[PDB]
Amino acid sequence: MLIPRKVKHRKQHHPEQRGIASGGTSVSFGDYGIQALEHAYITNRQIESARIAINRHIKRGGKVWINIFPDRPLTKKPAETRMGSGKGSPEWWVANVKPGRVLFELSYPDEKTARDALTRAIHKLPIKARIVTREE
Amino acid sequence: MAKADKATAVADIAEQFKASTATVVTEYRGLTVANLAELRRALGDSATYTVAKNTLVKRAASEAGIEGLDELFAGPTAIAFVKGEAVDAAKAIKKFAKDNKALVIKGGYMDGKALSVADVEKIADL
Amino acid sequence: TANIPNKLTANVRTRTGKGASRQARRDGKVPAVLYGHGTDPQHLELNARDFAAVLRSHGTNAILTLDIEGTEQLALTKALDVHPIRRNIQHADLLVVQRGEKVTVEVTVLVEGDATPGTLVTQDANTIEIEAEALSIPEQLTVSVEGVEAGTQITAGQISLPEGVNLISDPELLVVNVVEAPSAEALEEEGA
Amino acid sequence: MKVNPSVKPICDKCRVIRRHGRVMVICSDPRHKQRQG
Amino acid sequence: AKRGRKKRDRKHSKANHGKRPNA
Amino acid sequence: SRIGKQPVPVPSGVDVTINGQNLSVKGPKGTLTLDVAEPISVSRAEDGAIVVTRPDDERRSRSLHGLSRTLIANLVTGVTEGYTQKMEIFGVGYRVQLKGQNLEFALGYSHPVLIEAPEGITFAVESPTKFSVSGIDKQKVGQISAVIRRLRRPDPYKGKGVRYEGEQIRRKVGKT
RNA sequence: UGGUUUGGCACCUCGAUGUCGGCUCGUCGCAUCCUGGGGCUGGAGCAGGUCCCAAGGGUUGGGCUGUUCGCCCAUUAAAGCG
RNA sequence: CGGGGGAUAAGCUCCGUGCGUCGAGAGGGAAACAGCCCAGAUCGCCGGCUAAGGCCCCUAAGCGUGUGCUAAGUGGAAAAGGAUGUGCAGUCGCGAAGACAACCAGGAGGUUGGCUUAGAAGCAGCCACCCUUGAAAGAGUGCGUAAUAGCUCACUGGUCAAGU
Ligand SMILES: [Mg+2]
Ligand SMILES: [Mg+2]
Ligand SMILES: [Mg+2]
Ligand SMILES: [Mg+2]
Ligand SMILES: [Mg+2]
Ligand SMILES: [Mg+2]
Ligand SMILES: [Mg+2]
Ligand SMILES: [Mg+2]
Ligand SMILES: [Mg+2]
Ligand SMILES: [Mg+2]
Ligand SMILES: [Mg+2]
Ligand SMILES: [Mg+2]
Ligand SMILES: [Mg+2]
Ligand SMILES: [Mg+2]
Ligand SMILES: [Mg+2]
Ligand SMILES: [Mg+2]
Ligand SMILES: [Mg+2]
Ligand SMILES: [Mg+2]
Ligand SMILES: [Mg+2]
Ligand SMILES: [Mg+2]
Ligand SMILES: [Mg+2]
Ligand SMILES: [Mg+2]
Ligand SMILES: [Mg+2]
Ligand SMILES: [Mg+2]
Ligand SMILES: [Mg+2]
Ligand SMILES: [Mg+2]
Ligand SMILES: [Mg+2]
Ligand SMILES: [Mg+2]
Ligand SMILES: [Mg+2]
Ligand SMILES: [Mg+2]
Ligand SMILES: [Mg+2]
Ligand SMILES: [Mg+2]
Ligand SMILES: [Mg+2]
Ligand SMILES: [Mg+2]
Ligand SMILES: [Mg+2]
Ligand SMILES: [Zn+2]
């Protein structure tokens, strides 16, 4: 559960959802990484669930990284009410993603266990993804 | 095993044969590791007993005139070299074979000529 | 530490523009431009297949000798661009060079060895800048780690280098770090 | 006759075959035997 | 429902180039 | 392919005749007919052997070559020797006896169960607990063997039923 | 996936679309209550748990609230969901 | 087409567009279908040439020609995911020094490695995952017993013969 402390304005427009990624397109820091292809949004709950999933399988050794943060908010008004008449309230936070961006990275000398854990993580997210290696 | 390993083994067995006065061929099938270790301990005083593969030994035999043994390498083969003396190793193998009943002596090599099982028995007795 | 040139062929581009460039790309040709102190830019084509072969054989940085209309030249692959998704070589930069020049080249570094059970291996920096002669560029650098404990910060300067090379990056740069293996409690605490 | 959209060779002794357009795995252990559908 | 999916899917006939009134 | 390459041997004491696609064989045990698949042709070697050839290496030909070869080998070996199977019954108070061409079983049901013997096969019993079945066609032998086997449900507890010669059934013990 | 409850859009009908249950009378689907056939079991057997195929027939009578819903009284194989 | 309100929902609503059409527009095309494609009706002619779409019969025109794919009525309903289906293109490894599978022998000795437990011997768990003889033994992928014990397997030798 990662939440930003404060923001100048507490709500914004819908996230931009077109184009191809520009920066952070190369796996770097550790030895293995994950990159996505489709376009969607990811939230703190999903991030934490994926982190716990990778944790409970990596167990003793290794250590992870996260390259995103759901800071941009989204709004949702009380249910069963006439639309309009004012904004709703911010309920859950998300961060956008574009093809080529790197989501997670890992370092663990046992390649097979590392790959199996990473596949466990991939089978989790709501976006198509695949594993990548540090070497070109 | 790599081709380099095969060449190294060929050279090793060739030099061992060159440095050994004579040698014999036996069958190692159906023998328990305990009895193999016992035989190795018994023979270690004078001779050396190992295992070699048919194709490798056939290729290595081209150096000397031991090429006549090619027909005796059909099936499992165990190779024993006698660096010292000639007869004591033969007696040891004969007694071990007649005790175990699971070892058959394929033949031997003496004075540049292959000799059959009866000749091996006679020369061992001598 | 000596290497040998890799031979290739090239042709002069007839048209300049995105349309023709990516038409050639689809056909199977990778456009390229060469330039240097000679003050004479030239833009050519290269065979993608042999280009990839040479790169995979001799790393990112390799010595290339090019045949253009019967003329010979020596060039270096200064920079490369890779499609993030398709991993294609859209364009490569060639820098002419003659024997006996000082050039700035980025070189990768690898690490190998055995680590104690109570230690973990991390690599903050994967490439280190090294200056040397054009024909004397190492293909890779290696560092051996054995029986290290606790803080064993290895600086770039500490790394052994071959002769005829100079370390341009400041020695204070940290390349390899080794730390105490983590604990489950602290690891789970992280990011809470 | 575990019926799930996806099947796997749960243990090493599972083998996969194709029948009448439907693919299922047979194994000595009945627990390891299932068909998709 | 089934009704809705039909008309939108039936719009993908090459005759109309894919664009039709009312989706 | 690999299994169809080797020609099928033919002994001297068997007659073989070929009429286009159809093939018939005459031997001491009897005679049988056969129709062969059209994609594959069959030829007879002058050295008392049968050679089967495929025109092309596609999937259907690769599949049918081996099938034709093995089927020819099976039918020739059957007409030469034949086929027999032995059966045994385990349990307490289980019996079997022969009445002419018909055979009856006693597995402990309230009423007896009888099985008719179709043509081309015969039933032989040497002991009240063991019998055998004989015939010429392996497929018929196997069919009748399976039918006889399926009389009783599997019993992984006491093993009561009918079991083949070398067939071992898993057994699990119920504590309660 | 279904559009069957509570919901959002006002597009056909304010020179009229008459309204909840009950009585009588059907017709249809299967996401199966029994009746039918199988398999896996932490399946001695009776008896249980779960999955698969299957829509020919049946699915009581009473007390309480107008009630829908719901609780209760006595048997049968069941007192099925829309 | 570029946007806001909405649950990135509506055949929803509110904007901007020297933007199209219908409204105020027949014909032909998609079975029927105002807002989609082509095309702008002065009138007559038992005349020729064409756009959009079509050429087995309904129904006018090709059961056209040349090279390739399809076993599913996919053609003629949709996603996470799964799989010894299949063709093309590219790999490294091994392969006549006998590849792979298949069909005989050996797969052992400190050893029950320590903590843990009633119990831990290879198989509830944690640490090294050390080493010996070798051809090969992995603190052993499992289905085996409370714990021993067996069935084994990993790599490897003997026979067949090239793809794996
Ligand atoms: Mg940026
Ligand atoms: Mg996903
Ligand atoms: Mg599952
Ligand atoms: Mg729309
Ligand atoms: Mg209205
Ligand atoms: Mg109206
Ligand atoms: Mg009205
Ligand atoms: Mg009225
Ligand atoms: Mg009415
Ligand atoms: Mg009413
Ligand atoms: Mg059903
Ligand atoms: Mg039932
Ligand atoms: Mg059940
Ligand atoms: Mg039914
Ligand atoms: Mg009926
Ligand atoms: Mg009342
Ligand atoms: Mg829009
Ligand atoms: Mg919008
Ligand atoms: Mg409106
Ligand atoms: Mg408007
Ligand atoms: Mg108009
Ligand atoms: Mg009109
Ligand atoms: Mg019309
Ligand atoms: Mg006009
Ligand atoms: Mg015309
Ligand atoms: Mg046209
Ligand atoms: Mg016509
Ligand atoms: Mg046609
Ligand atoms: Mg063709
Ligand atoms: Mg269809
Ligand atoms: Mg799909
Ligand atoms: Mg998949
Ligand atoms: Mg073994
Ligand atoms: Mg030990
Ligand atoms: Mg343990
Ligand atoms: Zn299994």
# chains A, B, ... in the order shown; residues from 1 in each chain; ligands from 1
>>> residues_near_ligand(ligand="ligand 13", cutoff="10 Å", atoms="only C-alpha atoms (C1' of nucleotides) and all ligand atoms", output="PDB file with C-alpha atoms (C1' of nucleotides), in the first residue's frame")
ATOM      1  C1'   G G  39     -15.693 -42.217 -12.615  1.00  0.00           C
ATOM      2  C1'   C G  40     -12.286 -40.252  -8.485  1.00  0.00           C
ATOM      3  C1'   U G  41     -12.106 -40.771  -3.052  1.00  0.00           C
ATOM      4  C1'   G G  43     -14.416 -45.477  -0.843  1.00  0.00           C
ATOM      5  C1'   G G  48     -21.488 -40.133   2.423  1.00  0.00           C
ATOM      6  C1'   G G  49     -18.185 -35.872  -0.610  1.00  0.00           C
ATOM      7  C1'   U G  50     -17.282 -34.264  -5.733  1.00  0.00           C
ATOM      8  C1'   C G  51     -17.439 -34.332 -11.138  1.00  0.00           C
TER       9        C G  51
END
>>> select_by_dssp(residues="region 16-143 of chain F", states="helix (DSSP H, G or I)", output="ChimeraX atom specification")
/F:59-80,138-143
>>> residues_around(residues="residue 7 (chain A)", least_positions_apart="4", cutoff="12 Å", atoms="only C-alpha atoms (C1' of nucleotides)", output="list in words")
residues 3, 11, 12, 71, 72 and 73 of chain A
>>> write_last_selection(atoms="N, CA, C and O atoms", output="mmCIF file, in the first residue's frame")
data_model
loop_
_atom_site.group_PDB
_atom_site.id
_atom_site.type_symbol
_atom_site.label_atom_id
_atom_site.label_comp_id
_atom_site.auth_asym_id
_atom_site.auth_seq_id
_atom_site.Cartn_x
_atom_site.Cartn_y
_atom_site.Cartn_z
ATOM 1 N N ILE A 3 1.163 5.155 -0.958
ATOM 2 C CA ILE A 3 0.313 6.319 -1.189
ATOM 3 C C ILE A 3 1.157 7.582 -1.061
ATOM 4 O O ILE A 3 1.924 7.713 -0.097
ATOM 5 N N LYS A 11 -7.225 16.063 -7.502
ATOM 6 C CA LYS A 11 -7.772 15.259 -8.585
ATOM 7 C C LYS A 11 -7.347 15.845 -9.922
ATOM 8 O O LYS A 11 -7.013 17.028 -10.029
ATOM 9 N N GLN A 12 -7.367 14.993 -10.947
ATOM 10 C CA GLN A 12 -6.871 15.339 -12.270
ATOM 11 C C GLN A 12 -7.763 14.690 -13.319
ATOM 12 O O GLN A 12 -8.716 13.973 -13.000
ATOM 13 N N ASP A 71 0.651 7.385 -8.301
ATOM 14 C CA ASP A 71 0.437 8.705 -7.719
ATOM 15 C C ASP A 71 -0.783 9.423 -8.281
ATOM 16 O O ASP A 71 -1.500 10.091 -7.530
ATOM 17 N N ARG A 72 -1.037 9.311 -9.578
ATOM 18 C CA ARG A 72 -2.185 9.990 -10.169
ATOM 19 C C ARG A 72 -3.477 9.374 -9.640
ATOM 20 O O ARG A 72 -3.617 8.146 -9.649
ATOM 21 N N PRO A 73 -4.436 10.172 -9.174
ATOM 22 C CA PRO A 73 -5.649 9.612 -8.578
ATOM 23 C C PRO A 73 -6.793 9.460 -9.576
ATOM 24 O O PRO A 73 -6.741 9.938 -10.709
#
>>> residues_near_ligand(ligand="ligand 25", cutoff="12 Å", atoms="only C-alpha atoms (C1' of nucleotides) and all ligand atoms", output="MDAnalysis selection string")
chainID H and resid 48:50 61
>>> write_last_selection(atoms="C-alpha atoms (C1' of nucleotides)", output="PDB file, in the first residue's frame")
ATOM      1  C1'   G H  48     -23.120   2.558 -76.689  1.00  0.00           C
ATOM      2  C1'   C H  49     -18.965   3.420 -72.294  1.00  0.00           C
ATOM      3  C1'   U H  50     -18.143   3.026 -66.633  1.00  0.00           C
ATOM      4  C1'   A H  61     -21.995 -11.675 -65.768  1.00  0.00           C
TER       5        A H  61
END
>>> interface_residues(of="chain A", to="chain G", cutoff="8 Å", atoms="only C-alpha atoms (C1' of nucleotides)", output="MDAnalysis selection string")
chainID A and resid 80 82:83
>>> residues_around(residues="region 80-97 of chain C", least_positions_apart="2", cutoff="6 Å", atoms="only C-alpha atoms (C1' of nucleotides)", output="JSON, numbers by chain")
{"C": [30, 31, 32, 33, 34, 35, 36, 74, 75, 76, 77, 78]}
>>> write_last_selection(atoms="N, CA and C atoms", output="PDB file, in the first residue's frame")
ATOM      1  N   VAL C  30      19.966  -1.795 -43.653  1.00  0.00           N
ATOM      2  CA  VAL C  30      20.051  -0.854 -42.540  1.00  0.00           C
ATOM      3  C   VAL C  30      20.831   0.369 -43.012  1.00  0.00           C
ATOM      4  N   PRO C  31      20.236   1.561 -43.020  1.00  0.00           N
ATOM      5  CA  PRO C  31      20.998   2.753 -43.402  1.00  0.00           C
ATOM      6  C   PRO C  31      22.039   3.107 -42.354  1.00  0.00           C
ATOM      7  N   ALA C  32      23.103   3.766 -42.808  1.00  0.00           N
ATOM      8  CA  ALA C  32      24.185   4.159 -41.919  1.00  0.00           C
ATOM      9  C   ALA C  32      24.849   5.417 -42.456  1.00  0.00           C
ATOM     10  N   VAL C  33      25.481   6.157 -41.547  1.00  0.00           N
ATOM     11  CA  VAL C  33      26.211   7.373 -41.877  1.00  0.00           C
ATOM     12  C   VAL C  33      27.581   7.308 -41.220  1.00  0.00           C
ATOM     13  N   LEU C  34      28.613   7.673 -41.975  1.00  0.00           N
ATOM     14  CA  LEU C  34      29.975   7.741 -41.467  1.00  0.00           C
ATOM     15  C   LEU C  34      30.458   9.182 -41.506  1.00  0.00           C
ATOM     16  N   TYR C  35      31.200   9.574 -40.475  1.00  0.00           N
ATOM     17  CA  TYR C  35      31.752  10.918 -40.396  1.00  0.00           C
ATOM     18  C   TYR C  35      32.949  10.892 -39.461  1.00  0.00           C
ATOM     19  N   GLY C  36      33.756  11.940 -39.539  1.00  0.00           N
ATOM     20  CA  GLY C  36      34.926  12.026 -38.691  1.00  0.00           C
ATOM     21  C   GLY C  36      35.666  13.322 -38.912  1.00  0.00           C
ATOM     22  N   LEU C  74      38.449   2.495 -42.353  1.00  0.00           N
ATOM     23  CA  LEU C  74      38.334   1.931 -41.015  1.00  0.00           C
ATOM     24  C   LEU C  74      37.399   2.803 -40.192  1.00  0.00           C
ATOM     25  N   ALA C  75      36.412   2.178 -39.552  1.00  0.00           N
ATOM     26  CA  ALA C  75      35.400   2.911 -38.808  1.00  0.00           C
ATOM     27  C   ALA C  75      35.066   2.172 -37.521  1.00  0.00           C
ATOM     28  N   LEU C  76      34.475   2.910 -36.584  1.00  0.00           N
ATOM     29  CA  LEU C  76      34.053   2.382 -35.296  1.00  0.00           C
ATOM     30  C   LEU C  76      32.557   2.597 -35.120  1.00  0.00           C
ATOM     31  N   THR C  77      31.902   1.639 -34.469  1.00  0.00           N
ATOM     32  CA  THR C  77      30.474   1.734 -34.174  1.00  0.00           C
ATOM     33  C   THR C  77      30.312   2.571 -32.912  1.00  0.00           C
ATOM     34  N   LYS C  78      30.255   3.891 -33.093  1.00  0.00           N
ATOM     35  CA  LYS C  78      30.216   4.792 -31.946  1.00  0.00           C
ATOM     36  C   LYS C  78      28.945   4.594 -31.129  1.00  0.00           C
TER      37      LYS C  78
END
>>> closest_atom_pairs(of="chain H", to="ligand 35", cutoff="12 Å", atoms="only C-alpha atoms (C1' of nucleotides) and all ligand atoms", output="tab-separated table")
residue	atom	partner	partner_atom_place_in_ligand_line	distance
H:113	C1'	ligand 35	1 (Mg)	11.7
H:114	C1'	ligand 35	1 (Mg)	10.6
H:115	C1'	ligand 35	1 (Mg)	9.3
H:116	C1'	ligand 35	1 (Mg)	8.3
H:117	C1'	ligand 35	1 (Mg)	11.2
H:120	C1'	ligand 35	1 (Mg)	7.4
H:122	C1'	ligand 35	1 (Mg)	10.3
H:123	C1'	ligand 35	1 (Mg)	9.5
H:124	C1'	ligand 35	1 (Mg)	7.7
H:125	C1'	ligand 35	1 (Mg)	4.6
H:126	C1'	ligand 35	1 (Mg)	6.3
H:127	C1'	ligand 35	1 (Mg)	9.8
H:129	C1'	ligand 35	1 (Mg)	11.9
H:139	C1'	ligand 35	1 (Mg)	9.8
>>> interface_residues(of="chain E", to="chain H", cutoff="7 Å", atoms="only C-alpha atoms (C1' of nucleotides)", output="JSON, numbers by chain")
{"E": [15, 16, 19, 20, 21, 22]}
>>> residues_near_ligand(ligand="ligand 3", cutoff="9 Å", atoms="only C-alpha atoms (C1' of nucleotides) and all ligand atoms", output="MDAnalysis selection string")
chainID D and resid 4 6:8
>>> residues_near_ligand(ligand="ligand 11", cutoff="8 Å", atoms="only C-alpha atoms (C1' of nucleotides) and all ligand atoms", output="ChimeraX atom specification")
/G:30-32,53-54
>>> write_last_selection(atoms="N, CA, C and O atoms (P, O5', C5', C4', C3', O3' and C1' of nucleotides)", output="PDB file, in the first residue's frame")
ATOM      1  P     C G  30     -32.048 -27.225 -22.675  1.00  0.00           P
ATOM      2  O5'   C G  30     -31.447 -27.044 -21.212  1.00  0.00           O
ATOM      3  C5'   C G  30     -30.480 -26.034 -20.954  1.00  0.00           C
ATOM      4  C4'   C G  30     -30.159 -25.912 -19.486  1.00  0.00           C
ATOM      5  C3'   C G  30     -29.389 -27.093 -18.896  1.00  0.00           C
ATOM      6  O3'   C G  30     -28.362 -26.639 -18.018  1.00  0.00           O
ATOM      7  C1'   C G  30     -31.390 -26.738 -17.666  1.00  0.00           C
ATOM      8  P     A G  31     -26.871 -27.218 -18.182  1.00  0.00           P
ATOM      9  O5'   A G  31     -26.269 -27.163 -16.710  1.00  0.00           O
ATOM     10  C5'   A G  31     -25.914 -25.919 -16.117  1.00  0.00           C
ATOM     11  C4'   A G  31     -26.392 -25.828 -14.691  1.00  0.00           C
ATOM     12  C3'   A G  31     -27.863 -26.175 -14.484  1.00  0.00           C
ATOM     13  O3'   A G  31     -28.044 -26.754 -13.192  1.00  0.00           O
ATOM     14  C1'   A G  31     -27.493 -23.943 -13.834  1.00  0.00           C
ATOM     15  P     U G  32     -27.476 -28.222 -12.873  1.00  0.00           P
ATOM     16  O5'   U G  32     -28.768 -29.052 -12.454  1.00  0.00           O
ATOM     17  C5'   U G  32     -29.603 -28.609 -11.390  1.00  0.00           C
ATOM     18  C4'   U G  32     -30.466 -29.725 -10.862  1.00  0.00           C
ATOM     19  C3'   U G  32     -29.711 -30.841 -10.145  1.00  0.00           C
ATOM     20  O3'   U G  32     -30.532 -31.395  -9.121  1.00  0.00           O
ATOM     21  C1'   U G  32     -30.833 -31.738 -12.005  1.00  0.00           C
ATOM     22  P     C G  53     -21.392 -32.562 -18.984  1.00  0.00           P
ATOM     23  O5'   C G  53     -22.254 -33.818 -19.448  1.00  0.00           O
ATOM     24  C5'   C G  53     -21.866 -34.583 -20.579  1.00  0.00           C
ATOM     25  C4'   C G  53     -22.837 -35.702 -20.859  1.00  0.00           C
ATOM     26  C3'   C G  53     -24.303 -35.312 -20.953  1.00  0.00           C
ATOM     27  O3'   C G  53     -24.643 -34.780 -22.220  1.00  0.00           O
ATOM     28  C1'   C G  53     -24.069 -37.266 -19.628  1.00  0.00           C
ATOM     29  P     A G  54     -25.879 -33.765 -22.370  1.00  0.00           P
ATOM     30  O5'   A G  54     -27.126 -34.588 -21.819  1.00  0.00           O
ATOM     31  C5'   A G  54     -27.678 -35.660 -22.567  1.00  0.00           C
ATOM     32  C4'   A G  54     -28.754 -36.377 -21.793  1.00  0.00           C
ATOM     33  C3'   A G  54     -29.915 -35.518 -21.319  1.00  0.00           C
ATOM     34  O3'   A G  54     -30.888 -35.327 -22.332  1.00  0.00           O
ATOM     35  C1'   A G  54     -29.156 -36.893 -19.542  1.00  0.00           C
TER      36        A G  54
END
>>> residues_near_ligand(ligand="ligand 27", cutoff="10 Å", atoms="only C-alpha atoms (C1' of nucleotides) and all ligand atoms", output="PyMOL selection string")
chain H and resi 55+57+59-61
>>> residues_near_ligand(ligand="ligand 9", cutoff="10 Å", atoms="only C-alpha atoms (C1' of nucleotides) and all ligand atoms", output="PDB file with N, CA and C atoms (P, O5', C5', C4', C3', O3' and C1' of nucleotides), in the first residue's frame")
ATOM      1  P     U G  17     -52.891   4.284 -25.062  1.00  0.00           P
ATOM      2  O5'   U G  17     -52.550   2.999 -24.186  1.00  0.00           O
ATOM      3  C5'   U G  17     -52.524   1.706 -24.769  1.00  0.00           C
ATOM      4  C4'   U G  17     -52.056   0.665 -23.785  1.00  0.00           C
ATOM      5  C3'   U G  17     -52.699   0.713 -22.408  1.00  0.00           C
ATOM      6  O3'   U G  17     -53.967   0.084 -22.369  1.00  0.00           O
ATOM      7  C1'   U G  17     -50.356   0.506 -22.178  1.00  0.00           C
ATOM      8  P     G G  18     -55.133   0.672 -21.432  1.00  0.00           P
ATOM      9  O5'   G G  18     -54.547   0.545 -19.957  1.00  0.00           O
ATOM     10  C5'   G G  18     -54.277  -0.728 -19.392  1.00  0.00           C
ATOM     11  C4'   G G  18     -54.315  -0.686 -17.886  1.00  0.00           C
ATOM     12  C3'   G G  18     -54.343  -2.040 -17.193  1.00  0.00           C
ATOM     13  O3'   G G  18     -53.051  -2.602 -17.050  1.00  0.00           O
ATOM     14  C1'   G G  18     -56.028  -0.655 -16.283  1.00  0.00           C
ATOM     15  P     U G  19     -52.866  -4.047 -16.376  1.00  0.00           P
ATOM     16  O5'   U G  19     -52.596  -3.725 -14.840  1.00  0.00           O
ATOM     17  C5'   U G  19     -51.438  -3.009 -14.440  1.00  0.00           C
ATOM     18  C4'   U G  19     -51.445  -2.726 -12.960  1.00  0.00           C
ATOM     19  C3'   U G  19     -51.594  -3.936 -12.052  1.00  0.00           C
ATOM     20  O3'   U G  19     -50.375  -4.630 -11.854  1.00  0.00           O
ATOM     21  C1'   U G  19     -53.060  -2.223 -11.337  1.00  0.00           C
TER      22        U G  19
END
>>> residues_around(residues="residue 79 (chain B)", least_positions_apart="4", cutoff="9 Å", atoms="only C-alpha atoms (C1' of nucleotides)", output="mmCIF file with N, CA, C and O atoms, in the first residue's frame")
data_model
loop_
_atom_site.group_PDB
_atom_site.id
_atom_site.type_symbol
_atom_site.label_atom_id
_atom_site.label_comp_id
_atom_site.auth_asym_id
_atom_site.auth_seq_id
_atom_site.Cartn_x
_atom_site.Cartn_y
_atom_site.Cartn_z
ATOM 1 N N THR B 23 49.670 -57.786 -21.119
ATOM 2 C CA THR B 23 48.335 -57.472 -20.634
ATOM 3 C C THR B 23 47.383 -58.589 -21.035
ATOM 4 O O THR B 23 47.698 -59.423 -21.888
ATOM 5 N N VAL B 24 46.210 -58.590 -20.401
ATOM 6 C CA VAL B 24 45.170 -59.574 -20.661
ATOM 7 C C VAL B 24 43.826 -58.862 -20.731
ATOM 8 O O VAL B 24 43.683 -57.708 -20.321
ATOM 9 N N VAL B 25 42.832 -59.572 -21.259
ATOM 10 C CA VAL B 25 41.490 -59.039 -21.463
ATOM 11 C C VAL B 25 40.502 -59.918 -20.709
ATOM 12 O O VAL B 25 40.564 -61.149 -20.800
ATOM 13 N N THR B 26 39.598 -59.284 -19.963
ATOM 14 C CA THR B 26 38.641 -59.992 -19.126
ATOM 15 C C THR B 26 37.260 -59.373 -19.296
ATOM 16 O O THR B 26 37.086 -58.362 -19.982
ATOM 17 N N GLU B 27 36.273 -59.999 -18.659
ATOM 18 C CA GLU B 27 34.893 -59.533 -18.666
ATOM 19 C C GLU B 27 34.508 -59.090 -17.261
ATOM 20 O O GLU B 27 34.673 -59.848 -16.300
ATOM 21 N N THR B 48 48.043 -53.562 -12.575
ATOM 22 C CA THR B 48 47.002 -52.544 -12.548
ATOM 23 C C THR B 48 45.821 -53.037 -13.369
ATOM 24 O O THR B 48 46.003 -53.540 -14.482
ATOM 25 N N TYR B 49 44.617 -52.894 -12.820
ATOM 26 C CA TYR B 49 43.394 -53.349 -13.465
ATOM 27 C C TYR B 49 42.461 -52.164 -13.665
ATOM 28 O O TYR B 49 42.158 -51.441 -12.711
ATOM 29 N N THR B 50 42.009 -51.971 -14.902
ATOM 30 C CA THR B 50 41.123 -50.866 -15.248
ATOM 31 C C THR B 50 40.088 -51.376 -16.245
ATOM 32 O O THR B 50 39.981 -52.580 -16.500
ATOM 33 N N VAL B 51 39.320 -50.448 -16.811
ATOM 34 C CA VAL B 51 38.295 -50.756 -17.799
ATOM 35 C C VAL B 51 38.467 -49.815 -18.982
ATOM 36 O O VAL B 51 38.676 -48.610 -18.803
ATOM 37 N N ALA B 52 38.383 -50.366 -20.191
ATOM 38 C CA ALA B 52 38.547 -49.600 -21.417
ATOM 39 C C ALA B 52 37.446 -49.970 -22.401
ATOM 40 O O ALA B 52 36.860 -51.053 -22.332
#
>>> residues_near_ligand(ligand="ligand 29", cutoff="8 Å", atoms="only C-alpha atoms (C1' of nucleotides) and all ligand atoms", output="PyMOL selection string")
chain H and resi 66-68
>>> write_last_selection(atoms="N, CA, C and O atoms (P, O5', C5', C4', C3', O3' and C1' of nucleotides)", output="PDB file, in the first residue's frame")
ATOM      1  P     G H  66      -3.990 -23.104 -64.745  1.00  0.00           P
ATOM      2  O5'   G H  66      -2.777 -22.345 -64.046  1.00  0.00           O
ATOM      3  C5'   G H  66      -1.624 -21.993 -64.794  1.00  0.00           C
ATOM      4  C4'   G H  66      -0.651 -21.171 -63.985  1.00  0.00           C
ATOM      5  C3'   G H  66      -0.326 -21.678 -62.591  1.00  0.00           C
ATOM      6  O3'   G H  66       0.601 -22.748 -62.588  1.00  0.00           O
ATOM      7  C1'   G H  66      -0.705 -19.346 -62.520  1.00  0.00           C
ATOM      8  P     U H  67       0.557 -23.846 -61.415  1.00  0.00           P
ATOM      9  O5'   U H  67       1.165 -23.089 -60.152  1.00  0.00           O
ATOM     10  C5'   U H  67       2.554 -22.806 -60.085  1.00  0.00           C
ATOM     11  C4'   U H  67       2.889 -21.862 -58.956  1.00  0.00           C
ATOM     12  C3'   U H  67       2.702 -22.398 -57.548  1.00  0.00           C
ATOM     13  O3'   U H  67       3.754 -23.252 -57.134  1.00  0.00           O
ATOM     14  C1'   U H  67       1.808 -20.216 -57.686  1.00  0.00           C
ATOM     15  P     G H  68       3.458 -24.471 -56.129  1.00  0.00           P
ATOM     16  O5'   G H  68       3.403 -23.778 -54.697  1.00  0.00           O
ATOM     17  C5'   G H  68       2.681 -24.363 -53.623  1.00  0.00           C
ATOM     18  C4'   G H  68       2.524 -23.391 -52.481  1.00  0.00           C
ATOM     19  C3'   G H  68       1.560 -23.803 -51.378  1.00  0.00           C
ATOM     20  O3'   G H  68       2.147 -24.676 -50.428  1.00  0.00           O
ATOM     21  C1'   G H  68       1.089 -21.586 -52.042  1.00  0.00           C
TER      22        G H  68
END
>>> select_by_dssp(residues="region 123-161 of chain C", states="strand (DSSP E)", output="list in words")
residues 127, 128, 129, 130, 131, 132, 133, 141, 142, 143, 144, 145, 146, 154 and 155 of chain C
>>> write_last_selection(atoms="C-alpha atoms", output="mmCIF file, in the first residue's frame")
data_model
loop_
_atom_site.group_PDB
_atom_site.id
_atom_site.type_symbol
_atom_site.label_atom_id
_atom_site.label_comp_id
_atom_site.auth_asym_id
_atom_site.auth_seq_id
_atom_site.Cartn_x
_atom_site.Cartn_y
_atom_site.Cartn_z
ATOM 1 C CA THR C 127 29.796 -0.239 -18.116
ATOM 2 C CA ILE C 128 33.040 1.642 -17.466
ATOM 3 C CA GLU C 129 34.625 4.159 -19.825
ATOM 4 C CA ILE C 130 38.141 3.220 -20.962
ATOM 5 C CA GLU C 131 40.473 5.111 -23.306
ATOM 6 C CA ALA C 132 43.048 3.327 -25.463
ATOM 7 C CA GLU C 133 44.191 2.872 -29.055
ATOM 8 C CA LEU C 141 36.773 -6.747 -18.416
ATOM 9 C CA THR C 142 36.549 -9.251 -15.566
ATOM 10 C CA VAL C 143 36.593 -8.938 -11.776
ATOM 11 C CA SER C 144 37.111 -11.853 -9.387
ATOM 12 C CA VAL C 145 35.352 -11.915 -6.007
ATOM 13 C CA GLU C 146 36.253 -14.588 -3.456
ATOM 14 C CA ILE C 154 35.231 -2.318 -4.954
ATOM 15 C CA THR C 155 36.069 0.899 -6.791
#
